[PDB]
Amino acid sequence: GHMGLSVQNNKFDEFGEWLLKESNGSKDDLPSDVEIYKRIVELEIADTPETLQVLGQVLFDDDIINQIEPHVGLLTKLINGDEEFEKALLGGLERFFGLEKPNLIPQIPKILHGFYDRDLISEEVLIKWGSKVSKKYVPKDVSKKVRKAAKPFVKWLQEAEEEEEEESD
């Protein structure tokens, strides 16, 4: 990557490198979301889904469950209701759990539930994601392990579907 499968640096790797360099080993020392969005705009990557793949890999650490809410404003703005941008964030999270913090893999159902509760990733995107494996972000066996751990939450969403169906008269 470091933010993807490729070996050489692309513009999204540069963005990620910058964020990591600025934060200097501590997510507390990350630039504010205001400054991050300003940087995204300068780098001409406010309209590219891969930005979310980068953010999913650099914004969080072992304290991720507590770091979702502070970044809601920034992530919603970039996602802009678009499914492909949601999938990119999930791709970044898949690299995060799979390659960086595999110790968090048992917490995946709770963590993704947190993205869901804050309208960051839709139920439809989560269920499709959780039902396949991919080599787009991580090796397929890593993908399998990550998405397998998400199955309790995926099932929850699947079973909750009927009761949430829009009803009238």
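One rule holds for the numbers: they count along the sequence shown, beginning at 1.
Judged by mean Cα B factor in the deposited record, 115-123 ranks above the other of 55-63 and 115-123.
Taking the PDB entry as given, 29-37 carries the higher mean Cα B factor of the two stretches 102-110 and 29-37. Sorting the modelled residues of the chain by their CA temperature factor places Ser131 in the highest third.
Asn10 sits in the lowest third of its chain by CA B factor, as recorded in the PDB entry. Placement of the Cα temperature factor of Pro139 within the chain: middle third of the modelled residues, per the deposited record. In this PDB entry, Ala160 carries a Cα temperature factor that places it within the highest third of its chain's modelled residues.
Annotation for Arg95: CA B-factor lies in the lowest third of the chain's modelled residues.
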